[PDB]
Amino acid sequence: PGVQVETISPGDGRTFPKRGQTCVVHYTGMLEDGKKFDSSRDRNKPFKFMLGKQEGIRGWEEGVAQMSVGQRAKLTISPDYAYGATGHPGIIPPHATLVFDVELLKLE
């Protein structure tokens, strides 16, 4: 409900990120039925982060944790699992549902 994870291409079905593990991903984020606000693909540089230890929005952490290595997935994140009633001023409006197209490339 807070985050829906829908497969674009399956992963290995077996290797999922552990809390504290470094995840290497490509992503594109857009406002649902609106504008693209960020893409690591457009920078040709994958995004690395430590799941849990480097805190992200709830739907990102819980959505990526549900993915296995190699998986590409559409994450639809409700505002309560994203930036909420305040949004992220200047970038994400109040009460925004977010879509991320995420590909889990590697776990380090």
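Residue numbers run from 1 along the displayed sequence.
When the C-alpha B-factors of 92-100 and 18-26 are averaged, 18-26 comes out higher. Between 43-51 and 58-66, the higher mean Cα B-factor belongs to 43-51. Remark: residue 3 belongs to the middle third of its chain, ranked by C-alpha B-factor as recorded. In the deposited entry, the Cα temperature factor of residue 10 sits in the middle third of values across the chain's modelled residues.
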